[PDB]
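First the structure, in the form of structure tokens, and then the observations on it.
Each reported figure results from applying straightforward, stated rules to the coordinates on display, with no laboratory input. Here the Cβ positions follow ideal geometry from the backbone for every residue, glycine too, while neighbour counts run over all protein chains shown.
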Amino acid sequence: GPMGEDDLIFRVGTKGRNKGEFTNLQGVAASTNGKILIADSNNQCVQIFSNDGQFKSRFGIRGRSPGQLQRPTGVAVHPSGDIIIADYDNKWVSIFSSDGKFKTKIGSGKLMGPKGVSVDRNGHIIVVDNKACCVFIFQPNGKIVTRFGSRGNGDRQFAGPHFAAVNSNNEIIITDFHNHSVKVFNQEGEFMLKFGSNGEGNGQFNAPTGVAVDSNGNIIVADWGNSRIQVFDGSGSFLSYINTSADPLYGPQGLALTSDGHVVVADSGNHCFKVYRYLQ
């Protein structure tokens, strides 16, 4: 079809285990210096692309020992340039240099099953522990600064939290897959607000996954079960959809905002990542 008939700018990727290919892409990150990074839980690797989609490099050796990747789910880029990878199966978060050399792992013996990772304005590492239904805040040296959240269905509780974003006020936004909701906490772990309900209408979810937040506080959320991307204001009020109608998503996972202001999403069912125009 014609270029630009929906909000899609480009897509990259096909099914496979070679460079530029994906089997189960999950975590998505975008650096502030013009890169897109994609974690593949089944190929057990991270691939780095330019914002315009050009392949740059790949790293990751599979396995269960420190320095290896077993089920790499979330990815984030630290302001230092280090690359941060949550491993759901090895139950720790690995820190790599920008060139993909292993440095250290954090959270070992405290995490049960981490999925999403983010970095906040002070360089802390936010780790969404999906299996334990809670969120940790770490320093990069491994110290736990804060832990908040617990299993349940109330405001301060999670039923299966997946991904995380941090806004300009250092508030933490968490998607809750099985509660069909998004929750916001301040940097100290105090509950601020929640939004979302199960359904197919505007502002409704069938299991949120990826999340990002723009400089106006708008919250962009991937909807795994409805295969769409929704934009909300900082209070959780629905604003609009990203138009994905011409090349539909199929079970989207991680999502990020690029350093040029576009939205990149893991379109896992179609074995690619997609980059969308985004305005507000």
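Find the Cα radius of gyration of the chain, compare it with 2.2 N^0.38 Å by division, and give the number to two decimals.
On the way: Rg = 16.9 Å, N = 280, 2.2 N^0.38 = 18.7 Å.
For the chain, the normalised Cα radius of gyration is 0.90.
Who wins for biggest fluctuation among 167, 122, 206 in a Gaussian network model of the chain, springs between alpha carbons below 10 Å?
122
Which far-off residues, 5 or more places away or on another chain, put their amide H under 5 Å from the one on residue 159, with H placed in the peptide plane?
Answer set, sorted by chain and number: 152, 178, 179.
Give me the net charge for the shell around residue 246: Cβ to Cβ below 14 angstrom, other residues only, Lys and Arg +1, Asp and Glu -1.
On the way: positive: 11, 228, 274, 277; negative: 5, 6, 7, 247, 267.
Overall, the nearby charge balance is -1.
How large is the dipole of the stretch 100-229 about the Cα centre if only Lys and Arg carry +1 and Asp and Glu carry -1, each at its Cβ, rounded to the nearest 20 debye?
Values: 14 positive and 10 negative charges, 135 e Å.
It comes to approximately 640 debye.
Taking springs between alpha-carbon atoms closer than 10 angstrom, which of 236, 154, 203 fluctuates most in the Gaussian network model of the chain?
154
Give me the dipole magnitude in Debye, nearest 20, for the chain about the Cα centre, with unit charges on the beta carbon: positive for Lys and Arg, negative for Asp and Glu.
Working: 27 positive and 24 negative charges, 249 e Å.
My answer is approximately 1200 debye.
Along the charge dipole of the stretch 8-276, pointing to its positive end and built from +1/-1 on Cβ of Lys, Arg, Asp and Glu, which listed residue (193, 124, 22) has its Cα farthest out?
22
Out of 271, 208, 248, whose Cα points farthest toward the positive end of the dipole of the stretch 8-276 (charges: +1 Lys, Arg; -1 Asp, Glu; placed on Cβ)?
271
I'd like the distance between the alpha-carbon centres of the stretch 26-101 and the stretch 144-180, rounded to an integer number of Å.
For the stretch 26-101 versus the stretch 144-180, the Cα centre distance is 22 Å.
Once you have the Cα-Cα distance between residue 141 and residue 62, take 0.36 nm times their residue separation minus that, and quote the gain in nm to one decimal.
Details: separation 79, 0.36 × 79 = 28.44 nm, distance 2.38 nm.
Here the answer is 26.1 nm.
Based on the Cβ-Cβ distance of residue 18 and residue 260, what FRET efficiency does E = 1/(1 + (r/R0)^6) give at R0 = 30 Å, to the nearest 0.05?
0.65
For q = 0.13, 0.15, 0.17 Å⁻¹, what log10 I(q)/I(0) does the stretch 1-159 give under the Debye formula with an equal point scatterer on each alpha carbon and no solvent?
Log10 of I(q)/I(0), two decimals: -0.61, -0.78, -0.97.
Can you give me the long-range amide H partners of residue 10? Hydrogens built in the peptide plane at 1.01 Å from N, cutoff under 5 Å, separation of 5 or more residues or another chain.
Here 275 satisfy the definition.
What does the stretch 140-245 give for Rg and for Dmax, in Å, if only its C-alpha atoms count?
Gyration radius and largest Cα-Cα distance of the stretch 140-245: 13.4, 45 Å.
Starting from 0.36 nm per residue, how many nanometres of slack lie between residue 186 and residue 240 once their C-alpha separation is accounted for? Could the numbers behind the result be given before it?
On the way: separation 54, 0.36 × 54 = 19.44 nm, distance 2.52 nm.
The residue 186-residue 240 span can extend by a further 16.9 nm.
Which one, 68, 41, 54, is farthest towards the positive end of the dipole of the stretch 32-75 when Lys and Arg carry +1 and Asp and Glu -1 on their Cβ?
68
What does the charge count around residue 259 come to, taking other residues whose C-beta lies under 13 Å from its C-beta (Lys +1, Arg +1, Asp -1, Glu -1)?
On the way: positive: 35; negative: 52, 214, 260.
That works out to -2.
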